[PDB]
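# Survey of secondary and tertiary structure
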Amino acid sequence: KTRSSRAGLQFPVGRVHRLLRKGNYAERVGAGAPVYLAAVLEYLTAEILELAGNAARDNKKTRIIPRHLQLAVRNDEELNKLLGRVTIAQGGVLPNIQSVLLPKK
Amino acid sequence: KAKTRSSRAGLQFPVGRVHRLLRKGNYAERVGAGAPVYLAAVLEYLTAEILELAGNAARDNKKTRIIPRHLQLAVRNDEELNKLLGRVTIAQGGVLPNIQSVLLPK
Amino acid sequence: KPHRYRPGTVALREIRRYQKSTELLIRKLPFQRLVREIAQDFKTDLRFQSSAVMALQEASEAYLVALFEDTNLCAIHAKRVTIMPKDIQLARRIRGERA
Amino acid sequence: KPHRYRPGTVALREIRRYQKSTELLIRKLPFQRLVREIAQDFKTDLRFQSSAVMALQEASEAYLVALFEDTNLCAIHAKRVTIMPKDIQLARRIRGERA
Amino acid sequence: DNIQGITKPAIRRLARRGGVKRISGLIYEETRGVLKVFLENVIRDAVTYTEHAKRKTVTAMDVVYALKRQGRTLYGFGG
Amino acid sequence: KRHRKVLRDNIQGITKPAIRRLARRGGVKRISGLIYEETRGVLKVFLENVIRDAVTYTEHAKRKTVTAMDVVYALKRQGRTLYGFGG
Amino acid sequence: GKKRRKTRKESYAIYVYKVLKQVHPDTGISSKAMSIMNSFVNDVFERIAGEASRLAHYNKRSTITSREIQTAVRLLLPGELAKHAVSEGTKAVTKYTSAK
Amino acid sequence: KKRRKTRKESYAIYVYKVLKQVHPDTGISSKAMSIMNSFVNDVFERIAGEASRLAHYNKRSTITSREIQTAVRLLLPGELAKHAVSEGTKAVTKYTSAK
DNA sequence: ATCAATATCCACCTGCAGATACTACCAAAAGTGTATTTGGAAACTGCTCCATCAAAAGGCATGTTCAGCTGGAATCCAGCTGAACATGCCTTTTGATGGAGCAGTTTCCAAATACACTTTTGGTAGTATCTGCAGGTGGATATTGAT
DNA sequence: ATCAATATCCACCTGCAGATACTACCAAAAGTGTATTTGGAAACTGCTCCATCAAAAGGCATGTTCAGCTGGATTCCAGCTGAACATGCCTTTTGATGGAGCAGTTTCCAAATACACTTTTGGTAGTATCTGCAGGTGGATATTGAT
Ligand SMILES: [Cl-]
Ligand SMILES: [Cl-]
Ligand SMILES: [Cl-]
Ligand SMILES: [Cl-]
Ligand code: NI
Ligand code: NI
Ligand code: NI
Ligand code: NI
Ligand code: NI
Ligand code: NI
Ligand code: NI
Ligand code: NI
Ligand code: NI
Ligand code: NI
Ligand code: NI
Ligand code: NI
Ligand code: NI
Ligand code: NI
Ligand code: NI
Ligand code: NI
Ligand code: NI
Ligand code: NI
Ligand code: NI
Ligand code: NI
Ligand code: NI
Ligand code: NI
Ligand code: NI
Ligand code: NI
Ligand code: NI
Ligand code: NI
Ligand code: NI
Ligand code: NI
Ligand code: NI
Ligand code: NI
Ligand code: NI
Ligand code: NI
Ligand code: NI
Ligand code: NI
Ligand code: NI
Ligand code: NI
Ligand code: NI
Ligand code: NI
Ligand code: NI
Ligand code: NI
Ligand code: NI
Ligand code: NI
Ligand code: NI
Ligand code: NI
Ligand code: NI
Ligand code: NI
Ligand code: NI
């Protein structure tokens, strides 16, 4: 009986318990910590896949590509900030032209 | 104890302490004997550099006691410490006198 | 029979004065009130070590002083000598605080 | 009667085009030689995994595009639409890449 | 008031320390907005360090560490 | 047999068209003539800094090959984290 | 078959794929995007583990518990993400602690 | 009086000693000494932190003097890097070659 | 306003690069159980240093007047865009080759951990000596703005 | 230019906050010596992948020039908007005093680590096999610039 299934999680609680030890973050690692972390990690993955999935859909594609992660992240105020110092390879940028540069009159 | 590892290394900074601090910091499973000596010396050097330029700063301003003002002047006047301390605020240090030239009279 | 200095002369004088010193430039109690007011929305009945407020003032004023430096560069770039909200605004965007 | 788009119309069209796509905008080999040249001045007899060079390019293109956004913003603040070395310099100063 | 306790002459002094010569009237409200956003961000985090420590008092360390992770390291309070 | 040529002036490989394309992605409509040389300068400094840290990691590993990971660690320590290439 | 046995290179990709099927059953993912995804997960893990690390230190503690992870999440994620992550994490710990 | 004695350690006395070797005629205030303490803790943290990463990137379980060295290279600017590497090698040498 | 000359769209095609699904075997990872140890909650304690308000101190809100900075308008021209034309020795791309060097496996020793026992020392806690300089002044002189 | 009004500078002064100096008591920090363990350097070597050349087009996208449009640079100028200014009063500060709660202590157990079979699984390896979509084309709708 896995600890993931035991916590109701798709993400690997055993692996996360392990990486927390190998990483030298403290002398000891409580059994709840990996449970919470695997959950948080799965929550965030779900949030971005949700939105990336929509960008793929909005673009008549059925396979998510890095462009889709980028529209997803950059369109979402909170993911954008969490990932404010992060570059997504092959993500491009958001279509955006400053008003003054448009023709009129 | 015969001689402190500091004096073996020729250093005024606490090698023992640094060694202990590297262990309790969970930086790695094991810590080699050399590292605290190397590290202590780097720390001494950087301290000496700052104190050296802040001493100078205290002199110029006709004084014999270093205050945060003098560490600010020392650090911000030095291209290198200034970069190293690019994101640091020294409390009670103020700023370098600077007035944009276009703001000057007439 | 009055003595008036030209506009900018007192300004320049003040700059020279305030760049030469390090005393805090906001008054201690209003700052303290604001700190407590803002903190109250995160947690009620909070107390503050006096050095904890001092730290916040030092960090706050350092931050604003540097923001005025950048703001000033932004005005000058627009051929002005008066700082304006758009200047602060452009500083913060380029700094990545608004972006 | 020979047809000419006015100045700024092909430029706008280009913005749309490149903002739409994600392909690298500097050519591969020229980029690769540049990397090999700069690296060689630090250390001789280096080799690069192909994905090291691809990582350097992806990183350099994202950095340059973003610097242009910040630069564009600096021109517009000066009521221009033409980017100029002083616009890039102001961007880099406020970003702390300079001062 | 409270935010207005940060007075126009205070804001003007800070600007002067930052080398500012002339000042548009709208700057004052803008400066306060900016300050409030700065403190919110720093205080939120410091107060999270307090809550964790099961304290009812914000310590200098709580602030100093909040400033560290905001990328605004302050020296002079780490005793 | 052993080749190796001299590498020099490759920064001019960053062509005017390629700099024009990048500024477009950056939403830039008009470009003054001096921008090209400035951009080359700024790129060169960017690479010098990334490559230098990258090569440091390479040497510390006692390698002669610069890996994607070295670059990725170098970007990471200068606050320009790259996703897409590992670790 | 079998070349001197390459060392295991482990990633979160099978997990990420499961979660994708859950939210978008008919959507696929390129290996580049999967690569981005695996990076993002390692990235957030390191960041949370590191705030947690420091947190523990600061309070003269030598154990990282779910409580350190929680403060870490609150320090690290903005507004609405922190709230829901804390909720999903707490949910999981509770769920876990009530088995046996 | 071993009650209220939760020992808080600081680099002060060592900072003080080094002050004498460089300016024997000169002293240093509380606040300044506190600044210096923060400075040393900070550089320790940054260097130790970078060594830790190095060790992990190369699947090592030990921080040797080689790790501190690369760390200093990566962290310190040009000239400061050169001299600190200098001091650092000098002290390890001296220490090896001490009885 | 017509419209002609392009660019732009987007829905229906293709051929394959790349995604998903076989089953293989297995080192490692993960679970389950058992004995042995321990960090930290939790309950109480005191003395530190925090919120409160004494009155003593002194910065600032107010408004009116006016210099000068700002944005608006007008003119001029050169520096930029668009596009045509000629042609990379240019770049992409494909694919093959030889072998550099990275990475996996083994053997084995030097440097690290573990630990007990000894000796030192940095921090705290006073107690007393003393001094650097912040702030007050007097008097020369430099700056400013009105003539 | 002349020149009064003020700011700014400089030596000199005292008093006291905060520096230093010297002693005493002590947990814990630091080394010393000595059996025990283990990470990583060393030598060998399989197998990945990097450099490099080839030769075509899959020929694209570049460099060069040249016209002439218009944004940027300049000059001028009217009014709007910040700076300067002066001091009573009203808010800050600097003092005084309980008491909240941080920080210290010590008791104890729920949960951590250690260690041993025993089980399960994700990585990988390698063919075997669909499928989404890049790039093509055409042919119908969208825009720009000339009248
Ligand atoms: Cl836990
Ligand atoms: Cl070592
Ligand atoms: Cl504005
Ligand atoms: Cl320019
Ligand atoms: Ni959202
Ligand atoms: Ni220097
Ligand atoms: Ni409120
Ligand atoms: Ni060279
Ligand atoms: Ni050339
Ligand atoms: Ni610490
Ligand atoms: Ni919600
Ligand atoms: Ni001296
Ligand atoms: Ni790693
Ligand atoms: Ni030197
Ligand atoms: Ni294939
Ligand atoms: Ni304990
Ligand atoms: Ni205990
Ligand atoms: Ni006028
Ligand atoms: Ni103007
Ligand atoms: Ni003109
Ligand atoms: Ni081969
Ligand atoms: Ni071969
Ligand atoms: Ni070889
Ligand atoms: Ni090797
Ligand atoms: Ni002592
Ligand atoms: Ni004392
Ligand atoms: Ni005296
Ligand atoms: Ni004296
Ligand atoms: Ni004085
Ligand atoms: Ni006088
Ligand atoms: Ni005059
Ligand atoms: Ni006179
Ligand atoms: Ni007069
Ligand atoms: Ni004088
Ligand atoms: Ni005193
Ligand atoms: Ni071994
Ligand atoms: Ni090993
Ligand atoms: Ni060829
Ligand atoms: Ni012409
Ligand atoms: Ni025009
Ligand atoms: Ni007028
Ligand atoms: Ni007004
Ligand atoms: Ni008065
Ligand atoms: Ni009392
Ligand atoms: Ni109490
Ligand atoms: Ni407590
Ligand atoms: Ni399986
Ligand atoms: Ni495979
Ligand atoms: Ni297509
Ligand atoms: Ni077509
Ligand atoms: Ni039209």
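Structure determination for this PDB entry is given in the record as X-ray crystallography, at a resolution of 2.65 Å.

Taken together, 84 residues lie near DNA strand I, and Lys1(B), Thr82(C), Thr65(F), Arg4(G) and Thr7(G) sit nearest. Sugar and phosphate atoms constitute 94% of the interface atoms of DNA strand I, taking the interface as everything within 4 Å of the protein. Contacts to DNA strand I include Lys1(B), whose side-chain N or O atom sits 2.4 Å from a base oxygen. The separation between a phosphate oxygen of DNA strand I and a polar main-chain atom of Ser50(C) is 3.1 Å.

In this section: the coordination of the nickel ion (ligand 11). Residues and elements named next belong to chain G. Around the nickel ion (ligand 11), the protein supplies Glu 80 (OE) and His 84 (NE2) as donor atoms, at distances of 2.5 to 2.6 Å. Of this pair, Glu 80 and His 84 both sit in helix α4 (residues 79-97), four residues apart, which is roughly one turn of the helix. Note on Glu 80: relative accessible area 38%, which makes it partly exposed. By relative accessible area, which is 39% here, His 84 ends up partly exposed.

So, about the pattern of salt bridges. Applying the stated criterion to the full structure yields 42 salt bridges over all chains. Measuring nitrogen to oxygen at the nearest pair gives 2.8 Å for the salt bridge that ties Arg77(F) to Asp53(F). Taken together, the positions of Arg77(F) in helix α3 (residues 68-77) and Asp53(F) in helix α2 (residues 35-60) put the pair 24 residues apart, joining distant regions of the chain. Residues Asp42(H) and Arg46(H) are paired through a salt bridge, measuring 3.1 Å at the closest nitrogen-oxygen approach. Highlighted residues: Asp42(H) and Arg46(H), both in helix α2 (residues 30-57), separated by four residues, approximately one helical turn. Each of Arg93(C), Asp70(D), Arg92(D), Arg95(D) and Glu97(D) takes part in one network of salt bridges that share partners.

To continue, consider the packing of aromatic side chains. Taken as a whole, this structure holds 15 aromatic pairs over all chains when the rule is applied. Ring centres of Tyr27(B) and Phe44(H) lie 6.3 Å apart, and the angle between their planes is 65°; on these two criteria the pair is classed as edge-to-face. Taken together, the residues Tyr27(B) in the loop between α2 (15-24) and β1 (30-31) and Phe44(H) in helix α2 connect one chain to another. The pair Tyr27(B) / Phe44(H) is uniform in exposure class, with both members buried. Pairing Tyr57(F) with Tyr73(F) gives two aromatic rings, centres 6.1 Å apart and planes at 65°, and the pair type is edge-to-face. Placement of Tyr57(F) in helix α2 and of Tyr73(F) in helix α3 is noted, with a sequence separation of 16 residues between them. Across this residue pair, the class does not change: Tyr57(F) and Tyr73(F) are buried. Clustering of aromatic rings is evident, with ring pairs tying together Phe11(A), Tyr12(G) and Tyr15(G).

This next bit is on the environment of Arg30(F). Looking at the element boundaries, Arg30(F) is found in strand β1 (residues 30-31). On the basis of relative accessibility, which here comes to 52%, the residue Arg30(F) falls in the exposed class. C-alpha separation for the pair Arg30(F) and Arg20(F), spaced 10 residues apart in sequence, amounts to 9.5 Å. Not counting chain neighbours up to four residues away, the residues in contact with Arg30(F) comprise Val81(D), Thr82(D), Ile83(D) and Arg24(F). For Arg30(F), the side chain forms a polar contact with the side chain of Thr82(D), separated by 2.8 Å.

The next subject is the interface of chain G and chain E. The interface of chain G with chain E comprises nine residues on the first partner and nine residues on the second. Carbon and sulfur atoms supply 52% of the area that chain G and chain E bury against each other, a total of about 1000 Å² over both sides. For chain G, the biggest contributors to the area lost against chain E are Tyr58(G), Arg67(G) and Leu75(G); these three give 58% of the whole. Counting the contacts that link chain G with chain E gives one salt bridge. With a closest N to O distance of 2.7 Å, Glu51(G) and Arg69(E) form a salt bridge. Seen at the junction of chain G and chain E, the total is six residue pairs in polar contact. Contributions of two or more residues to the side of chain G that touches chain E are made by α2 (31-58) and α3 (66-76) of chain G. Looking at the side of chain G that touches chain E residue by residue, the classes come out as four nonpolar, two polar and three charged.

Reading guide: rules and limits
Along every chain, residues receive numbers from 1 upward following the written sequence, which is not necessarily the numbering found in the entry; those without coordinates are excluded from display. Chain A is the first chain written and ligand 1 is the first ligand written, with later ones labelled in order. Excluding hydrogens and water, the side-chain figures rest on all heavy atoms present in the structure. Consider each residue's heavy atoms; a residue with any of them within 4 Å of a molecule or strand counts as near. Any pair of nitrogen or oxygen atoms within 3.5 Å is treated as a polar contact; in protein, a donor-acceptor pairing is required on top of that, and neighbouring residues in sequence qualify only through side-chain atoms on both sides. Note that water is not among the atoms used; donors are N, O and S atoms within 2.8 Å of the metal (3.2 Å for Na, K and Ca), so sites may look incomplete. Only DSSP runs of H or I with at least four residues qualify as helices, and only runs of E with at least two residues qualify as strands; both kinds are numbered from the N terminus onward. Relative accessibility under 20% of the residue-type maximum defines a buried residue, over 50% an exposed one, and the middle range a partly exposed one, all with a 1.4 Å probe and only protein chains included. A carboxyl oxygen of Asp or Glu within 4 Å of a side-chain nitrogen of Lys or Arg is what we treat as a salt bridge. Centres within 6.5 Å are what make two rings of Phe, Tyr or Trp a pair, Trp counting through its six-membered ring; a difference in plane orientation under 30 degrees is then read as stacked, over 60 as edge-to-face, and the rest as tilted. What makes two residues a contact is simply this: any of their non-hydrogen atoms within 4.5 Å. Buried area is understood as the total, over both parts, of accessible area removed when two parts are fitted together, assessed with a 1.4 Å probe. Side-chain classes follow a simple rule in which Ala, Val, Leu, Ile, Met, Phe, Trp, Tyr, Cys and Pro form the nonpolar group, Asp, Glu, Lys and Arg form the charged group, and the remainder, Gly included, forms the polar group.

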